[PDB]
């Protein structure tokens, strides 16, 4: 028989050599788990492992599919200890009378979701903004102790400690009470996910029992100051609001559950990223140049080298997973580390590419119902760790010929030590001391696609009209800029905000972009900043050309009407048409000829074809005359203040439907007024959850309330950064970016202002 020849799975099927040689505790999976299962991604995506007791799942679609089906794959076993707790160690636990409830990571439905939704808000990026000064304080309090040595183990002296303290601060525990809770804070990787000796088991049960009853007093102490900062005081108020949802046992569990979910995973992530970066030192020095790429950098590290090598689910019914039959009761080892390295979803994957537009898809934080709530707390934490160490010690390198040891376990991965040298005298810090007052705002919660950007340099500022600059933006990389058609714009960070400005430069010049910003007399801050505090030699983050003002090139004729600074996109459209060799007519109005940019440019070219109508002299553009009656072929693109765009739309109402195209520089909306608006449900098919949107609530607000990744720049319906695909349902379109045909197809929606017409929509999210 075959049982005389090879091992057999619990389903009676034979087991492969490579599958039976799988060991998560030693050898190839401890050195590099992702590479150690390359053979499984290629030829056997799902197998039974004899060494450990689980079925192993290796490819990214599959382990994402396990995360979403939370009815079929239960997190019951999420922190089940690999080897069982001995009678001795249970007796030690019982002596402190410790009884922890399953707290969000183990909880099945229907208990898990109400507790997650109730306890979610402090984890959102908006709520985390309060804690950003605290982590910057703690990150530096540590680094300046070893700053002058030129030699440190980052792990023990910096990265093992800091995530523990901020977790205590995130939880809301008094600083008086913190130093002991840390004394009782220990590593759990080998005791939960490894093969510990009986002595190890008890030493954990002793430290965990000590911590359980001390945290019991701490909860009683803060029990009567509920209205203060922290997750636990936030938890107390929901108890009075929902006494059955949130129980005295639960927040006592929430005390330990909180900082064991937060300490080692973040420390290991920090250590991995620093080891991973100091291995490719060119990309290290890139981060040292500008810290603008830190946010996506830490995302590529989390994909490439996460703190979670694998995770676990309990199969609840007989299923098949990618052709392999899996029985009810089977335990799954879903290798997040292999998933992050699956060629079917990422491309050139074992490459460490921090500008990767794909990093955000890694499963290091999990996926779906139980996705890590503190992911943005950890994202912020890593980002600041990695800005201070790139700011102060860019001349830091790894001690060569260094061997990195990682504790034998199935799920957690982080070096025992990372040893780094640097030249102490050479710190940029001691000659500055200006770099420290520099603080870069955290950017968390946004997908990697929406945060990729080129940091260009300003090579020249030219005044071409009153209150109008012409900015010349140079790419410092040296590598050529994208091709862009007329009407295209860019999103440039004007200080703490981003604005978009059309491109009026030369397209055939592909070492530069040119924009002509106007000083808005009533300026919410973006236009002022450019005029008031930008000089030559600065560098601005600028996110590649998009275009909502594209021209159909097969039209008979183009007549362009332009008001004020609306001259910028049209003049590039005028240039395309002169190149084509096509009839066009351009009409340019403005308050004053002195304040009308590009008349010089408009005189040297298109001068035979331009007519000017400056207001100050008194010659005005009367659209009624111009568009008195149409012609079949003529199209009209136009851009300027809303008053002329509106009035023009009136004058061109006589014409065929697709005749007029406009680009708005301002937004109309809005008034929310739920009274006129109805709530609905939005379900996220990829994630496998339904988020409710209230009448007073935008779709965008509900997504960030579930801490789903989203980027929003304008939220006035004008910029386009919040677009997301619609699989089902018809949408109440309220943006100004999508063409009336794009709104018809219903394939897409703007997260911040558009809604449902109706009861539900399905989004690819």
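Numbering follows the first chain given and starts at 1.
Asker: Out of 97-105 and 363-371, which stretch has the higher average CA B-factor listed in the record?
Answerer: It is 97-105.
Asker: Averaging C-alpha B-factors over each stretch, which comes out higher, 738-746 or 18-26?
Answerer: That would be 738-746.
Asker: For the listed 266, 511, 305, 322, which has the peak Cα B-factor recorded in the PDB entry?
Answerer: The listed residue with the largest C-alpha B-factor is 511.
Asker: Of the options 318, 80, 432, 121, which has the highest CA B factor as deposited?
Answerer: When the deposited C-alpha B-factors of 318, 80, 432, 121 are compared, 432 is largest.
Asker: By its CA B factor, does residue 6 count among the lowest, middle or highest third of the modelled residues in the chain?
Answerer: Lowest third.
Asker: Relative to the other modelled residues in the chain, which third contains the C-alpha temperature factor of residue 633: lowest, middle or highest?
Answerer: Highest third, going by the recorded CA B-factors of the chain.
Asker: Is the Cα B-factor recorded for residue 594 in the lowest, middle or highest third of its chain?
Answerer: It belongs to the highest third of the chain when residues are ordered by C-alpha B-factor.
Asker: Among the chain's modelled residues, which third holds the C-alpha B-factor of residue 627?
Answerer: Its C-alpha B-factor belongs to the highest third of this chain's values.
Asker: According to the PDB entry, is the CA B factor of residue 292 in the bottom, middle or top third of its chain, that is, lowest, middle or highest?
Answerer: Middle third - that is where residue 292 ends up once the chain's C-alpha B-factors are sorted.
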